[PDB]
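**Q** Provided herewith: query19.json, JSON, C-alpha atoms.
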[["chain", "number", "residue", "atom", "x", "y", "z"],
["A", 1, "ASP", "CA", 2.87, -29.24, 28.91],
["A", 2, "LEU", "CA", 6.56, -30.17, 29.14],
["A", 3, "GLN", "CA", 8.47, -26.88, 28.88],
["A", 4, "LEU", "CA", 5.89, -24.80, 26.99],
["A", 5, "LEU", "CA", 6.44, -27.22, 24.10],
["A", 6, "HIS", "CA", 2.78, -27.29, 23.09],
["A", 7, "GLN", "CA", 2.19, -23.62, 23.92],
["A", 8, "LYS", "CA", 5.16, -22.50, 21.81],
["A", 9, "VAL", "CA", 4.34, -24.73, 18.83],
["A", 10, "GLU", "CA", 0.65, -23.75, 18.89],
["A", 11, "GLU", "CA", 1.66, -20.08, 19.12],
["A", 12, "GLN", "CA", 3.68, -20.45, 15.93],
["A", 13, "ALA", "CA", 1.02, -22.54, 14.16],
["A", 14, "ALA", "CA", -1.60, -19.86, 14.84],
["A", 15, "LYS", "CA", 0.44, -17.39, 12.74],
["A", 16, "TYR", "CA", 0.02, -19.18, 9.40],
["A", 17, "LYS", "CA", -2.40, -17.75, 6.84],
["A", 18, "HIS", "CA", -3.13, -21.10, 5.17],
["A", 19, "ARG", "CA", -3.77, -24.69, 6.14],
["A", 20, "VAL", "CA", -0.90, -26.38, 4.25],
["A", 21, "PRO", "CA", 1.92, -24.54, 6.08],
["A", 22, "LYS", "CA", 0.00, -24.92, 9.35],
["A", 23, "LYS", "CA", -0.08, -28.69, 8.84],
["A", 24, "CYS", "CA", 3.60, -28.70, 7.88],
["A", 25, "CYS", "CA", 4.35, -26.85, 11.13],
["A", 26, "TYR", "CA", 2.69, -29.61, 13.13],
["A", 27, "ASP", "CA", 4.52, -32.27, 11.12],
["A", 28, "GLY", "CA", 7.84, -30.55, 11.85],
["A", 29, "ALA", "CA", 7.09, -30.39, 15.57],
["A", 30, "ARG", "CA", 6.75, -34.18, 15.81],
["A", 31, "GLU", "CA", 9.66, -35.73, 17.66],
["A", 32, "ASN", "CA", 12.15, -37.83, 15.67],
["A", 33, "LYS", "CA", 14.92, -39.50, 17.68],
["A", 34, "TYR", "CA", 16.94, -40.23, 14.52],
["A", 35, "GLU", "CA", 17.02, -37.05, 12.45],
["A", 36, "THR", "CA", 17.64, -33.39, 13.11],
["A", 37, "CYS", "CA", 15.49, -30.65, 11.63],
["A", 38, "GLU", "CA", 17.86, -30.03, 8.72],
["A", 39, "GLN", "CA", 17.90, -33.73, 7.79],
["A", 40, "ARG", "CA", 14.11, -33.94, 7.97],
["A", 41, "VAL", "CA", 13.33, -30.75, 6.09],
["A", 42, "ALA", "CA", 15.50, -31.89, 3.19],
["A", 43, "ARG", "CA", 12.78, -34.50, 2.54],
["A", 44, "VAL", "CA", 9.84, -32.03, 2.43],
["A", 45, "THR", "CA", 8.57, -31.27, -1.06],
["A", 46, "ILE", "CA", 5.03, -29.83, -0.87],
["A", 47, "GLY", "CA", 6.26, -26.30, -1.51],
["A", 48, "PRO", "CA", 8.23, -23.36, -0.18],
["A", 49, "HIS", "CA", 5.85, -22.26, 2.57],
["A", 50, "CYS", "CA", 5.48, -25.84, 3.79],
["A", 51, "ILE", "CA", 9.27, -26.13, 3.93],
["A", 52, "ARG", "CA", 9.63, -22.92, 5.94],
["A", 53, "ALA", "CA", 6.84, -23.79, 8.38],
["A", 54, "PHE", "CA", 8.12, -27.34, 8.86],
["A", 55, "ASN", "CA", 11.57, -26.01, 9.67],
["A", 56, "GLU", "CA", 10.34, -23.21, 11.93],
["A", 57, "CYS", "CA", 8.23, -25.51, 14.09],
["A", 58, "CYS", "CA", 10.78, -28.31, 14.04],
["A", 59, "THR", "CA", 13.36, -25.81, 15.35],
["A", 60, "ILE", "CA", 10.99, -24.48, 18.04],
["A", 61, "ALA", "CA", 10.10, -27.97, 19.26],
["A", 62, "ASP", "CA", 13.65, -29.37, 19.23],
["A", 63, "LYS", "CA", 15.04, -26.32, 21.05],
["A", 64, "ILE", "CA", 12.48, -26.97, 23.77],
["A", 65, "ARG", "CA", 13.34, -30.68, 23.87],
["A", 66, "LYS", "CA", 17.00, -29.65, 24.22],
["A", 67, "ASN", "CA", 16.04, -27.38, 27.12],
["A", 68, "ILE", "CA", 14.08, -30.25, 28.72],
["A", 69, "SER", "CA", 17.07, -32.56, 28.37],
["A", 70, "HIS", "CA", 19.37, -29.91, 29.82],
["A", 71, "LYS", "CA", 17.11, -29.44, 32.86],
["A", 72, "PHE", "CA", 17.06, -33.12, 33.86],
["A", 73, "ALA", "CA", 13.64, -32.66, 35.52],
["A", 74, "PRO", "CA", 11.33, -35.45, 36.69],
["A", 75, "UNK", "CA", 7.60, -35.16, 35.63],
["A", 76, "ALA", "CA", 5.79, -32.30, 34.04],
["A", 77, "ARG", "CA", 7.89, -28.83, 33.35]]
Produce C-alpha cells that represent the structure in this file.

**A**
Amino acid sequence: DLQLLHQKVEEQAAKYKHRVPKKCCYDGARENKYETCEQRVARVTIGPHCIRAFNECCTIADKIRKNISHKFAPXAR
C-alpha cells in the first residue's frame, strides 16, 4: 500500500449495499492527473447513489494522494 490508499478505499467500498455504487466508488478512486473530484463527479450520470459513492471514494483517495505528496517519501508508505 502507499499510505493506506487501498485499505481506506476498500474499507469504504465494503460499506455499500449494492454493486452499482460499489463500482462507482472504485471508479472514483482511480487517479486522474487532470481533474479534481468535483470536476469528475459532474460527469457521472448513472444515478444518485453512484454519484455519492464516486465522490466519497474519489475524496478518500485524493486526500491520501495529497498526504503522500506532502510527505515526500521514497518507496512504499

**Q** Excluding residue 30 in chain A and any residue of its chain fewer than 6 positions from it, enumerate the residues within 12 Å of it, using only C-alpha atoms, and give them as a VMD selection string.

**A** chain A and resid 5 to 6 9 23 to 24 36 to 37 40 54 to 55 57 to 62 65

**Q** With distances taken over all atoms listed in the file, which residue among A:20, A:4, A:44, A:64 lies nearest residue 76 in chain A?

**A**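 Of A:20, A:4, A:44, A:64, the one nearest residue 76 in chain A, counting all atoms listed in the file, is A:4.
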
**Q** Using Å and a single decimal, report how far CA of residue 21 in chain A sits from CA of residue 52 in chain A.

**A** 7.9 Å

**Q** Closest to residue 43 in chain A among A:17, A:10, A:28, A:77, using all atoms listed in the file?

**A**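 Checking each candidate against residue 43 in chain A, we get A:28 as the closest.
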
**Q** To one decimal place, how far is CA of residue 12 in chain A from CA of residue 50 in chain A in Å?

**A**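 Spanning CA of residue 12 in chain A to CA of residue 50 in chain A is a straight-line distance of 13.4 Å.
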
**Q** Using CA of residue 1 in chain A and CA of residue 68 in chain A as the two end points, give the distance in Å to one decimal.

**A** 11.3 Å

**Q** Rank A:47, A:63, A:42, A:53 by their smallest atom-to-atom distance to residue 13 in chain A, using all atoms listed in the file, and report the top residue only.

**A**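 That would be A:53, the residue with the smallest distance to residue 13 in chain A.
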
**Q** With distances taken over all atoms listed in the file, which of A:66, A:16, A:73, A:34 is nearest to residue 49 in chain A?

**A**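 Comparing A:66, A:16, A:73, A:34 against residue 49 in chain A, the winner is A:16.
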
**Q** Which is closer to residue 7 in chain A than all the others in A:46, A:38, A:19, A:29, using only C-alpha atoms?

**A**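 Of A:46, A:38, A:19, A:29, the one nearest residue 7 in chain A is A:29, counting only C-alpha atoms.
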
**Q** Hey, could you patch up range 11-40 of chain A with N, CA and C atoms and hand it over as a compact mmCIF listing (two decimals), in the frame of the given file?

**A**
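Okay, selection_10.txt is ready:
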# COMPACT_ATOMS: atom_id res chain seq x y z
N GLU A 11 1.49 -21.50 19.39
CA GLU A 11 1.66 -20.08 19.12
C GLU A 11 2.15 -19.84 17.69
N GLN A 12 3.16 -20.59 17.28
CA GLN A 12 3.68 -20.45 15.93
C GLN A 12 2.64 -20.88 14.90
N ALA A 13 2.00 -22.03 15.11
CA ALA A 13 1.02 -22.54 14.16
C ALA A 13 -0.11 -21.55 13.91
N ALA A 14 -0.52 -20.82 14.96
CA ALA A 14 -1.60 -19.86 14.84
C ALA A 14 -1.24 -18.68 13.94
N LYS A 15 0.04 -18.51 13.58
CA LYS A 15 0.44 -17.39 12.74
C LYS A 15 0.19 -17.62 11.25
N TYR A 16 0.04 -18.87 10.82
CA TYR A 16 0.02 -19.18 9.40
C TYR A 16 -1.31 -18.83 8.75
N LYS A 17 -1.23 -18.22 7.57
CA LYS A 17 -2.40 -17.75 6.84
C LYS A 17 -3.16 -18.87 6.15
N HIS A 18 -2.54 -20.03 5.96
CA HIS A 18 -3.13 -21.10 5.17
C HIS A 18 -2.92 -22.44 5.85
N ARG A 19 -3.74 -23.41 5.46
CA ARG A 19 -3.77 -24.69 6.14
C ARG A 19 -2.57 -25.58 5.81
N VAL A 20 -2.00 -25.49 4.61
CA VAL A 20 -0.90 -26.38 4.25
C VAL A 20 0.29 -26.08 5.15
N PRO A 21 0.81 -24.85 5.16
CA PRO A 21 1.92 -24.54 6.08
C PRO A 21 1.60 -24.82 7.54
N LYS A 22 0.36 -24.58 7.98
CA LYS A 22 0.00 -24.92 9.35
C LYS A 22 0.20 -26.41 9.61
N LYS A 23 -0.27 -27.25 8.69
CA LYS A 23 -0.08 -28.69 8.84
C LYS A 23 1.40 -29.05 8.81
N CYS A 24 2.17 -28.41 7.94
CA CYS A 24 3.60 -28.70 7.88
C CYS A 24 4.32 -28.29 9.16
N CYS A 25 3.85 -27.22 9.81
CA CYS A 25 4.35 -26.85 11.13
C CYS A 25 4.15 -27.99 12.11
N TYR A 26 2.93 -28.52 12.19
CA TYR A 26 2.69 -29.61 13.13
C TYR A 26 3.53 -30.83 12.80
N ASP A 27 3.68 -31.15 11.51
CA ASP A 27 4.52 -32.27 11.12
C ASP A 27 5.96 -32.06 11.58
N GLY A 28 6.49 -30.84 11.40
CA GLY A 28 7.84 -30.55 11.85
C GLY A 28 8.02 -30.68 13.35
N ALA A 29 6.98 -30.34 14.12
CA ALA A 29 7.09 -30.39 15.57
C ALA A 29 7.14 -31.81 16.12
N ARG A 30 6.72 -32.80 15.34
CA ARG A 30 6.75 -34.18 15.81
C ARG A 30 8.18 -34.59 16.14
N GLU A 31 8.34 -35.31 17.24
CA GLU A 31 9.66 -35.73 17.66
C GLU A 31 10.18 -36.84 16.75
N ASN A 32 11.48 -36.80 16.46
CA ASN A 32 12.15 -37.83 15.67
C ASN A 32 13.51 -38.06 16.33
N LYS A 33 13.68 -39.22 16.96
CA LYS A 33 14.92 -39.50 17.68
C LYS A 33 16.12 -39.65 16.75
N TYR A 34 15.89 -39.83 15.45
CA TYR A 34 16.94 -40.23 14.52
C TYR A 34 17.43 -39.12 13.61
N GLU A 35 16.69 -38.03 13.47
CA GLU A 35 17.02 -37.05 12.45
C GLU A 35 16.85 -35.65 13.02
N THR A 36 17.81 -34.78 12.72
CA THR A 36 17.64 -33.39 13.11
C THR A 36 16.73 -32.66 12.13
N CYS A 37 16.38 -31.42 12.48
CA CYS A 37 15.49 -30.65 11.63
C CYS A 37 16.03 -30.51 10.22
N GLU A 38 17.33 -30.24 10.07
CA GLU A 38 17.86 -30.03 8.72
C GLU A 38 17.77 -31.31 7.89
N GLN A 39 18.01 -32.47 8.51
CA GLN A 39 17.90 -33.73 7.79
C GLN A 39 16.46 -34.01 7.39
N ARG A 40 15.52 -33.67 8.26
CA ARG A 40 14.11 -33.94 7.97
C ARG A 40 13.57 -32.99 6.92
